[PDB]
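K.L.:
I am attaching a structure below and will ask some questions about it afterwards.
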Amino acid sequence: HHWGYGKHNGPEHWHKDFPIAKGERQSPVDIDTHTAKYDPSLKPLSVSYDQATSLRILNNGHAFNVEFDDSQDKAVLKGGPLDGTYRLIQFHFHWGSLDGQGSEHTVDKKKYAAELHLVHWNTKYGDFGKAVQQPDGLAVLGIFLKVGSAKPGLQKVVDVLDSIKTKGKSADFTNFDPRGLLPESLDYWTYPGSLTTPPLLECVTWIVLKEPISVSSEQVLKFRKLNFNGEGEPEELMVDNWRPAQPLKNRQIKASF
Ligand SMILES: NS(=O)(=O)c1ccc(C(=O)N2CCN(Cc3ccc(F)cc3)CC2)cc1
Ligand SMILES: [Zn+2]
C-alpha cells in the first residue's frame, strides 16, 4: 500500500487501489441534525469497559493505535442499534493541523478538532479479519474532540507519544482505562458505513456520540508532533489524517434521542 493523506496519495486518490471508495455506504458522512430521525426502537447503548486490558500503543504511519487484549469478552459494546456482542480491539484518533479541522464525521458541516474511534468486532465472526468481511462485522464508537479544558483521562496517552514518534514504533501501554475518554452522555447518531481508511470495507455500524469531549490545546498540540515517516526519514508531521465526508446516498441516520 502507498496510500496516505498527502497531496499525491490522499483520499481523492484512494479509489484507484480501492474502488469501493466510491461505494454505496462509505464513511465518514456529514450528520445533518435536522434530517436525522429519532428512532424510539433503539435500545440504550451498553459500554462495558471495566475489565478492559490495554496492551500496547503503536504508531502505524497513519495514526496511533492503543491496542487491547480481545482474546476474551472483556471490554464490550452492545445494545443501541447492535445485535450481539462487539469486542474492543483498539482505539485511535484522526486530527487536524489546526483546531478548525480534524474530525471525519461532521455535524451540520461543523468540523471538530479531532475524532476518537473505539473499534469493536462482532464476536459471532470469531476474529477481526473475518469480521471486516461482513456487513455487520464492526461497530465503531466515534467521539468528537473540541479544544478547551484538558481531558484528564487522555494525559497518559499524550505522555507516551514521545516514545512512538515515528512509523513502526510501539510502546508498552498496559492498564489504560478507556472509560476516561467518554463524555457524560451516551446519546448518539447511528448509520451503516465503512472503515474510513483503506481497505474502506463496508462493514461498520457507526455509533457517533452527540456530546464531544474537551481536550486542551497542549494535549492536541502533542498529537501534531507525531510523524507519518519512519525514523531517519524527512520529517512529515502527522496532521490532517482524516478522510472528508462522503455521499450519504441511500442511507438514513437515526438518533437515539
Ligand atoms: N478509521 S476506522 O474506520 O475506525 C478503522 C477501524 C479499524 C481499522 C483497522 O484496525 N485496520 C484496517 C486497516 N488494516 C490495514 C489494511 C490497509 C489496507 C488494506 F488494503 C488492507 C489492510 C489494518 C486494520 C482501520 C480503520
Ligand atoms: Zn478511525
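Note on naming: chains are A, B, ... as they come in the C-alpha cells, residues start from 1 per chain, ligands start from 1 in the order shown.
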Determine, using only C-alpha atoms and all ligand atoms, which residues of chain A have any atom at most 9 Å from an atom of ligand 2, and tabulate each with its shortest atom pair and distance in Å to one decimal place, rows ordered by chain and then rising number, as a Markdown table.
P.N.:
| residue | atom | partner | partner_atom_place_in_ligand_line | distance |
| --- | --- | --- | --- | --- |
| A:63 | CA | ligand 2 | 1 (Zn) | 8.5 |
| A:91 | CA | ligand 2 | 1 (Zn) | 7.9 |
| A:92 | CA | ligand 2 | 1 (Zn) | 6.2 |
| A:93 | CA | ligand 2 | 1 (Zn) | 6.0 |
| A:94 | CA | ligand 2 | 1 (Zn) | 6.2 |
| A:104 | CA | ligand 2 | 1 (Zn) | 8.0 |
| A:115 | CA | ligand 2 | 1 (Zn) | 7.7 |
| A:116 | CA | ligand 2 | 1 (Zn) | 7.0 |
| A:117 | CA | ligand 2 | 1 (Zn) | 5.1 |
| A:118 | CA | ligand 2 | 1 (Zn) | 8.0 |
| A:119 | CA | ligand 2 | 1 (Zn) | 8.1 |
| A:140 | CA | ligand 2 | 1 (Zn) | 8.3 |
| A:142 | CA | ligand 2 | 1 (Zn) | 8.2 |
| A:195 | CA | ligand 2 | 1 (Zn) | 7.2 |
| A:196 | CA | ligand 2 | 1 (Zn) | 6.0 |
| A:197 | CA | ligand 2 | 1 (Zn) | 7.2 |
| A:242 | CA | ligand 2 | 1 (Zn) | 8.0 |
K.L.:
Store the residues of this selection in a file with N, CA and C atoms, as an mmCIF file, in the first residue's frame.
P.N.:
data_model
loop_
_atom_site.group_PDB
_atom_site.id
_atom_site.type_symbol
_atom_site.label_atom_id
_atom_site.label_comp_id
_atom_site.auth_asym_id
_atom_site.auth_seq_id
_atom_site.Cartn_x
_atom_site.Cartn_y
_atom_site.Cartn_z
ATOM 1 N N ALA A 63 -1.833 6.855 12.060
ATOM 2 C CA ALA A 63 -2.342 7.393 13.320
ATOM 3 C C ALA A 63 -1.633 6.547 14.372
ATOM 4 N N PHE A 91 -8.286 1.579 19.833
ATOM 5 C CA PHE A 91 -8.830 2.908 19.592
ATOM 6 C C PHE A 91 -7.720 3.776 19.022
ATOM 7 N N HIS A 92 -8.126 4.781 18.260
ATOM 8 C CA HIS A 92 -7.196 5.711 17.648
ATOM 9 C C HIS A 92 -7.935 7.001 17.408
ATOM 10 N N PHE A 93 -7.208 7.999 16.916
ATOM 11 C CA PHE A 93 -7.803 9.297 16.624
ATOM 12 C C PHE A 93 -7.443 9.756 15.210
ATOM 13 N N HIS A 94 -8.202 10.750 14.752
ATOM 14 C CA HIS A 94 -7.944 11.467 13.491
ATOM 15 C C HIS A 94 -7.946 12.929 13.964
ATOM 16 N N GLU A 104 -13.582 13.424 11.148
ATOM 17 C CA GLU A 104 -14.016 12.759 9.914
ATOM 18 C C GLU A 104 -15.522 13.004 9.751
ATOM 19 N N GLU A 115 -11.281 13.388 16.274
ATOM 20 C CA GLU A 115 -12.321 12.397 16.454
ATOM 21 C C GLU A 115 -11.667 11.095 16.897
ATOM 22 N N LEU A 116 -12.193 10.553 17.987
ATOM 23 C CA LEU A 116 -11.758 9.289 18.571
ATOM 24 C C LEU A 116 -12.632 8.153 18.033
ATOM 25 N N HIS A 117 -11.984 7.059 17.646
ATOM 26 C CA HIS A 117 -12.676 5.885 17.145
ATOM 27 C C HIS A 117 -12.325 4.692 18.016
ATOM 28 N N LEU A 118 -13.323 4.131 18.716
ATOM 29 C CA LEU A 118 -13.145 2.924 19.546
ATOM 30 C C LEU A 118 -13.708 1.819 18.657
ATOM 31 N N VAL A 119 -12.814 0.952 18.188
ATOM 32 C CA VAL A 119 -13.153 -0.097 17.220
ATOM 33 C C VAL A 119 -13.473 -1.420 17.875
ATOM 34 N N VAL A 140 -18.037 0.871 15.376
ATOM 35 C CA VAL A 140 -17.051 1.847 15.796
ATOM 36 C C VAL A 140 -17.793 2.962 16.516
ATOM 37 N N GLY A 142 -17.658 6.584 17.735
ATOM 38 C CA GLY A 142 -16.941 7.797 17.401
ATOM 39 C C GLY A 142 -17.265 8.885 18.390
ATOM 40 N N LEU A 195 -15.079 1.414 6.902
ATOM 41 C CA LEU A 195 -13.826 1.817 7.533
ATOM 42 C C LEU A 195 -13.530 3.139 6.815
ATOM 43 N N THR A 196 -12.923 4.084 7.518
ATOM 44 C CA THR A 196 -12.609 5.361 6.876
ATOM 45 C C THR A 196 -11.221 5.421 6.262
ATOM 46 N N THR A 197 -10.471 4.324 6.352
ATOM 47 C CA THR A 197 -9.160 4.257 5.702
ATOM 48 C C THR A 197 -9.176 2.994 4.859
ATOM 49 N N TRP A 242 -7.379 12.720 8.306
ATOM 50 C CA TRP A 242 -8.814 12.484 8.269
ATOM 51 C C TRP A 242 -9.331 12.426 6.830
#
K.L.:
So that I can check the secondary structure, give me every residue of stretch 8-217 of chain A assigned helix (DSSP H, G or I) by backbone DSSP, as a PyMOL selection string.
P.N.:
chain A and resi 14-16+19-22+123-125+128-131+152-164+178-181+217
K.L.:
Given the selection you just returned, output its residues as a file containing N, CA and C atoms, formatted as a short mmCIF file (atom, residue, chain, number, x, y, z; two decimals), in the first residue's frame.
P.N.:
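Final output, result.cif:
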data_model
loop_
_atom_site.label_atom_id
_atom_site.label_comp_id
_atom_site.auth_asym_id
_atom_site.auth_seq_id
_atom_site.Cartn_x
_atom_site.Cartn_y
_atom_site.Cartn_z
N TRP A 14 -7.49 7.37 -3.31
CA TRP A 14 -7.75 6.02 -2.84
C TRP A 14 -8.54 5.09 -3.75
N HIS A 15 -9.50 5.64 -4.49
CA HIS A 15 -10.34 4.82 -5.35
C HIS A 15 -9.57 4.02 -6.39
N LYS A 16 -8.38 4.48 -6.77
CA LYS A 16 -7.61 3.75 -7.78
C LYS A 16 -7.20 2.36 -7.29
N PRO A 19 -11.40 0.57 -5.21
CA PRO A 19 -12.61 1.06 -5.87
C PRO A 19 -13.85 1.25 -5.02
N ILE A 20 -13.92 0.52 -3.90
CA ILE A 20 -15.07 0.62 -3.01
C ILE A 20 -15.12 2.02 -2.40
N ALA A 21 -14.06 2.80 -2.62
CA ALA A 21 -14.02 4.18 -2.11
C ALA A 21 -15.22 4.99 -2.62
N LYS A 22 -15.78 4.58 -3.76
CA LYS A 22 -16.93 5.27 -4.35
C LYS A 22 -18.20 4.41 -4.20
N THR A 123 -18.40 -10.65 17.80
CA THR A 123 -17.87 -11.94 18.21
C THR A 123 -18.47 -13.12 17.46
N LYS A 124 -19.60 -12.93 16.78
CA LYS A 124 -20.20 -14.04 16.04
C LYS A 124 -19.27 -14.46 14.89
N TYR A 125 -18.33 -13.59 14.51
CA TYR A 125 -17.42 -13.90 13.41
C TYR A 125 -16.04 -14.44 13.82
N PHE A 128 -11.24 -10.54 14.10
CA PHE A 128 -11.34 -9.27 13.41
C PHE A 128 -11.24 -9.38 11.90
N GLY A 129 -10.29 -10.19 11.42
CA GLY A 129 -10.12 -10.36 9.99
C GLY A 129 -11.35 -10.90 9.29
N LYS A 130 -12.06 -11.82 9.95
CA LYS A 130 -13.27 -12.37 9.37
C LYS A 130 -14.40 -11.35 9.50
N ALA A 131 -14.43 -10.66 10.63
CA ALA A 131 -15.48 -9.67 10.86
C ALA A 131 -15.51 -8.56 9.80
N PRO A 152 -8.46 14.82 31.60
CA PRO A 152 -7.52 14.11 32.48
C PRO A 152 -7.19 12.70 32.03
N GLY A 153 -8.23 11.98 31.60
CA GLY A 153 -8.07 10.60 31.18
C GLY A 153 -7.28 10.39 29.91
N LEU A 154 -6.99 11.46 29.19
CA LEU A 154 -6.23 11.35 27.94
C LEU A 154 -4.75 11.61 28.16
N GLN A 155 -4.38 12.19 29.31
CA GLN A 155 -2.98 12.55 29.50
C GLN A 155 -1.99 11.40 29.41
N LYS A 156 -2.34 10.21 29.89
CA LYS A 156 -1.40 9.09 29.81
C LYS A 156 -1.07 8.82 28.34
N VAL A 157 -2.05 8.97 27.46
CA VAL A 157 -1.79 8.76 26.04
C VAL A 157 -0.83 9.85 25.55
N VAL A 158 -1.14 11.10 25.87
CA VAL A 158 -0.30 12.22 25.43
C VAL A 158 1.15 12.05 25.87
N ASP A 159 1.35 11.61 27.11
CA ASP A 159 2.71 11.50 27.59
C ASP A 159 3.56 10.38 26.99
N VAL A 160 2.94 9.33 26.46
CA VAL A 160 3.70 8.25 25.87
C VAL A 160 4.05 8.50 24.40
N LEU A 161 3.45 9.51 23.78
CA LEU A 161 3.69 9.77 22.37
C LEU A 161 5.14 10.06 22.00
N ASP A 162 5.90 10.61 22.94
CA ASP A 162 7.32 10.89 22.69
C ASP A 162 8.05 9.61 22.30
N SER A 163 7.62 8.49 22.88
CA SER A 163 8.27 7.21 22.64
C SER A 163 7.87 6.50 21.35
N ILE A 164 6.83 6.99 20.67
CA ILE A 164 6.40 6.37 19.42
C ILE A 164 6.25 7.46 18.34
N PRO A 178 -10.06 3.05 29.12
CA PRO A 178 -10.74 3.87 28.11
C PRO A 178 -12.00 4.59 28.60
N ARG A 179 -12.49 4.23 29.79
CA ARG A 179 -13.68 4.92 30.30
C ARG A 179 -13.37 6.40 30.53
N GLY A 180 -12.08 6.73 30.69
CA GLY A 180 -11.70 8.11 30.91
C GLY A 180 -11.75 8.97 29.66
N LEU A 181 -12.12 8.38 28.53
CA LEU A 181 -12.21 9.14 27.27
C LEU A 181 -13.67 9.40 26.85
N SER A 217 -5.46 22.53 24.45
CA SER A 217 -4.64 22.86 23.30
C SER A 217 -3.29 22.14 23.41
#
K.L.:
Tell me which of A:24, A:17, A:69, A:39 sits closest to ligand 1, counting only C-alpha atoms and all ligand atoms.
P.N.:
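Going through A:24, A:17, A:69, A:39 one by one, the smallest distance to ligand 1 is for A:17.
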K.L.:
Between A:177, A:12, A:73, A:202, which one has atoms that come closest to ligand 1, using only C-alpha atoms and all ligand atoms?
P.N.:
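The shortest atom-to-atom distance to ligand 1 comes from A:202.
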K.L.:
For residue A:209, find every residue with an atom within 6 Å (counting only C-alpha atoms), except residues of its own chain fewer than 2 positions away, and show them as JSON, numbers by chain.
P.N.:
{"A": [143, 187, 188, 211]}
K.L.:
Measure the distance from atom CA of residue A:233 to atom CA of residue A:57 in Å and round it to one decimal.
P.N.:
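Value for the atom CA of residue A:233-atom CA of residue A:57 distance: 21.2 Å.
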K.L.:
Using only C-alpha atoms for the distances, tell me which of A:52, A:133, A:45, A:149 is nearest to residue A:199.
P.N.:
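Among the listed residues, the smallest separation from residue A:199 belongs to A:133.
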K.L.:
Determine the nearest neighbour of residue A:71 from the options A:59, A:194, A:46, A:54, counting only C-alpha atoms.
P.N.:
A:54
K.L.:
Excluding residue A:72 and any residue of its chain fewer than 2 positions from it, enumerate the residues within 12 Å of it, using only C-alpha atoms, and give them as a ChimeraX atom specification.
P.N.:
/A:51-53,68-70,74-76,85-89,123,126-127
K.L.:
Nearest residue to residue A:100 out of A:240, A:225, A:175, A:201, using only C-alpha atoms?
P.N.:
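Distance minimum relative to residue A:100 lands on A:240.
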K.L.:
Given only C-alpha atoms and all ligand atoms as the basis, pick out the residue of A:66, A:98, A:77, A:150 nearest to ligand 1.
P.N.:
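Of the candidates, the smallest distance to ligand 1 is held by A:66.
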K.L.:
Neighbours of residue A:137 within 6 Å (only C-alpha atoms; same-chain residues fewer than 2 positions away dropped), as an MDAnalysis selection string?
P.N.:
chainID A and resid 121:122 131:132 134:135 203
K.L.:
Could the residues in this selection be saved with N, CA, C and O atoms as a PDB file, in the first residue's frame?
P.N.:
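again.pdb was written with the following content:
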ATOM      1  N   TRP A 121     -15.289  -5.531  17.199  1.00  0.00           N
ATOM      2  CA  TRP A 121     -15.698  -6.510  16.197  1.00  0.00           C
ATOM      3  C   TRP A 121     -16.722  -7.487  16.766  1.00  0.00           C
ATOM      4  O   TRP A 121     -16.682  -7.839  17.955  1.00  0.00           O
ATOM      5  N   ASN A 122     -17.639  -7.905  15.894  1.00  0.00           N
ATOM      6  CA  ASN A 122     -18.738  -8.805  16.233  1.00  0.00           C
ATOM      7  C   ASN A 122     -18.219 -10.217  16.553  1.00  0.00           C
ATOM      8  O   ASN A 122     -17.664 -10.904  15.690  1.00  0.00           O
ATOM      9  N   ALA A 131     -14.433 -10.660  10.632  1.00  0.00           N
ATOM     10  CA  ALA A 131     -15.485  -9.671  10.857  1.00  0.00           C
ATOM     11  C   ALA A 131     -15.507  -8.561   9.801  1.00  0.00           C
ATOM     12  O   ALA A 131     -16.588  -8.149   9.380  1.00  0.00           O
ATOM     13  N   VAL A 132     -14.346  -8.084   9.351  1.00  0.00           N
ATOM     14  CA  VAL A 132     -14.367  -6.990   8.369  1.00  0.00           C
ATOM     15  C   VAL A 132     -14.903  -7.408   6.999  1.00  0.00           C
ATOM     16  O   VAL A 132     -15.139  -6.559   6.150  1.00  0.00           O
ATOM     17  N   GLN A 134     -17.790  -8.810   6.716  1.00  0.00           N
ATOM     18  CA  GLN A 134     -19.239  -8.894   6.916  1.00  0.00           C
ATOM     19  C   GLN A 134     -19.858  -7.508   7.045  1.00  0.00           C
ATOM     20  O   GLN A 134     -19.242  -6.609   7.607  1.00  0.00           O
ATOM     21  N   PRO A 135     -21.112  -7.333   6.581  1.00  0.00           N
ATOM     22  CA  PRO A 135     -21.786  -6.033   6.657  1.00  0.00           C
ATOM     23  C   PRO A 135     -22.027  -5.552   8.082  1.00  0.00           C
ATOM     24  O   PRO A 135     -22.140  -4.352   8.320  1.00  0.00           O
ATOM     25  N   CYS A 203     -18.253  -2.552   6.348  1.00  0.00           N
ATOM     26  CA  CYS A 203     -18.509  -3.498   7.441  1.00  0.00           C
ATOM     27  C   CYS A 203     -18.779  -2.886   8.795  1.00  0.00           C
ATOM     28  O   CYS A 203     -18.754  -3.591   9.797  1.00  0.00           O
TER      29      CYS A 203
END
K.L.:
Between atom CA of residue A:198 and atom CA of residue A:6, what is the spacing in Å?
P.N.:
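Distance reported for this atom pair: 14.3 Å.
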K.L.:
Per DSSP on the backbone, what are the strand (DSSP E) residues of stretch 61-249 of chain A, as a VMD selection string?
P.N.:
chain A and resid 64 to 68 76 to 79 86 to 95 106 to 107 114 to 122 138 to 147 170 to 172 188 to 193 204 to 209 213 to 215
K.L.:
Residues at most 8 Å from residue A:229, counting only C-alpha atoms, excluding those fewer than 6 positions away in the same chain, as a list in words?
P.N.:
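Counting only C-alpha atoms, the residues come to residues 61, 166, 167, 235, 236 and 237 of chain A.
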K.L.:
Using N, CA and C atoms, can you write the selected residues to a file as an mmCIF file, in the first residue's frame?
P.N.:
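So out-v8.cif came out as:
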data_model
loop_
_atom_site.group_PDB
_atom_site.id
_atom_site.type_symbol
_atom_site.label_atom_id
_atom_site.label_comp_id
_atom_site.auth_asym_id
_atom_site.auth_seq_id
_atom_site.Cartn_x
_atom_site.Cartn_y
_atom_site.Cartn_z
ATOM 1 N N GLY A 61 2.040 4.822 11.128
ATOM 2 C CA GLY A 61 2.296 5.641 9.962
ATOM 3 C C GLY A 61 1.085 6.413 9.481
ATOM 4 N N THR A 166 7.752 8.047 15.496
ATOM 5 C CA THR A 166 7.776 7.658 14.103
ATOM 6 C C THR A 166 7.120 6.324 13.769
ATOM 7 N N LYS A 167 6.798 6.182 12.497
ATOM 8 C CA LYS A 167 6.141 4.994 11.975
ATOM 9 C C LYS A 167 6.874 3.715 12.342
ATOM 10 N N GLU A 235 11.168 14.614 8.064
ATOM 11 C CA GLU A 235 10.016 14.754 8.940
ATOM 12 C C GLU A 235 8.774 15.237 8.231
ATOM 13 N N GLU A 236 7.701 14.476 8.412
ATOM 14 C CA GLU A 236 6.404 14.779 7.831
ATOM 15 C C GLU A 236 5.493 14.717 9.054
ATOM 16 N N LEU A 237 5.058 15.869 9.563
ATOM 17 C CA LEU A 237 4.217 15.854 10.753
ATOM 18 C C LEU A 237 2.921 15.101 10.510
#
K.L.:
Rounded to one decimal, what separation in Å do you get between atom CA of residue A:170 and atom CA of residue A:148?
P.N.:
28.8 Å
